[PDB]
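Structural overview
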Amino acid sequence: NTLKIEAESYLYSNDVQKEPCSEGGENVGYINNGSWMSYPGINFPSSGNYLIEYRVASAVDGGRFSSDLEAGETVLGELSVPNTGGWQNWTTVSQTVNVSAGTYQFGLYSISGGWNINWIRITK
Ligand SMILES: NCc1ccccn1
Ligand SMILES: NCc1ccccn1
Ligand SMILES: [Mg+2]
């Protein structure tokens, strides 16, 4: 089963802005070093390995972000954003990580800015 979280649906954020996305809806853009977004109430119904996909774009090299649960109580890992050659040239990167069942605040934190994100998809 899959859960799709629209990236623009965050409850809290720092130093980002929403913009119309070429794939419909909105994406988060104007992401800098130290920008972040937080999504409450993300349910992982079983304990085990999940695929977490990120629909991202960048016209530059080096965009990088970390994902975490509960404000860094559990770090899930870090994602590099490819240089897809345009701000609306989208691609899907992923991480495979182990989470125990629960409902968590899910956080994305920009280590190196210059990347956009459309959505997050979680699959077990
Ligand atoms: N965990 C992403 C984040 C960072 C700072 C504050 C809230 N959430
Ligand atoms: N050059 C646009 C931009 C601004 C802030 C963050 C990332 N890209
Ligand atoms: Mg979106």
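About the cut-offs
For every chain, the first residue of the written sequence is numbered 1, i.e. counting runs from 1 onward, and this need not coincide with the entry's numbering; residues without coordinates are not included. Labels follow written order: the first chain is A, the first ligand is 1, and so on. As a rule here, side-chain values come from all non-hydrogen atoms in the structure, and water together with hydrogens is ignored. The rule for a residue being near a molecule or strand is that one of its heavy atoms must lie within 4 Å of it. Surface exposure here means Shrake-Rupley accessible area, sampled with a 1.4 Å probe, where a residue is shielded only by the protein chains that are shown. Think of it as three bins: nonpolar holds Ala, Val, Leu, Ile, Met, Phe, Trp, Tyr, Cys and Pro, charged holds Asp, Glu, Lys and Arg, and polar takes everything else, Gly as well. A donor here means any N, O or S atom no more than 2.8 Å from the metal (3.2 Å for Na, K and Ca); water is not included, so a site may seem to lack partners. Secondary structure elements are taken from DSSP: a helix is a run of H or I of four residues or more, a strand is a run of E of two residues or more, and numbering for both begins at the N terminus. Classification of residues uses two cut-offs on accessible area relative to the type maximum, computed with a 1.4 Å probe and protein chains only: under 20% is buried, over 50% is exposed, and between them is partly exposed. By the convention used here, strands pair only if DSSP detects at least 2 bridges between them. To obtain an axis, a line is fitted to C-alpha atoms, over the contacting stretch when the element is a helix, and the angle between two such axes runs from 0 to 180 degrees between their N-to-C directions. Each reported salt bridge corresponds to a side-chain nitrogen of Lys or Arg within 4 Å of a carboxyl oxygen of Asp or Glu.

Per the deposited record, the coordinates in this entry were obtained by X-ray crystallography to a resolution of 1.40 Å.

**Concerning the site of ligand 1**
Every residue close to ligand 1 is listed here: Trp-36, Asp-68, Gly-107 and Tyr-109. Isolated, ligand 1 exposes 250 Å² of accessible area, and the fraction of that covered by the protein chains is 76%. Here the residues of the shell around ligand 1 are counted per class, giving two nonpolar, one polar and one charged.

**Describing the coordination of the magnesium ion (ligand 3)**
The magnesium ion (ligand 3) binds to the protein through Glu-6 (OE), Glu-8 (OE), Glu-26 (O), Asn-118 (O) and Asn-118 (OD1), with metal-donor distances spanning 2.3 to 2.5 Å. The sequence pattern describing where the donors of the magnesium ion (ligand 3) fall on their chain is E-x1-E-x17-E-x91-N. Residue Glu-6 is located in strand β1 (residues 2-6), and its partner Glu-26 is located in strand β4 (residues 26-29); the two are separated by 20 residues in the primary sequence. Judged by its relative accessible area of 30%, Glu-6 is partly exposed.

**As for the sheet that holds strand β10 (residues 102-112)**
Strand order in the open sheet formed by five strands is β2-β5-β10-β7-β8, with antiparallel pairing between adjacent strands. Among the strands making up the open sheet, the edge pair consists of β2 (12-14) and β8 (74-80). Put simply, the sheet's adjacent strands are angled 25° from each other on average, direction ignored. Strand direction decides the pairing type here: β2 and strand β5 (residues 36-44), joined by three bridges, are antiparallel. Directly across from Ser-13, in β5, lies its bridge partner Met-37.

**Things to note about the pattern of salt bridges**
For the structure on display, the rule yields four salt bridges. With a closest N to O distance of 3.9 Å, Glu-6 and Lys-4 form a salt bridge. Residues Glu-23 and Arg-55 are paired through a salt bridge, measuring 2.8 Å at the closest nitrogen-oxygen approach. Taken as a pair, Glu-23 in the loop between β3 (17-20) and β4 and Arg-55 in strand β6 (residues 48-58) lie far apart in primary sequence, 32 residues in all.

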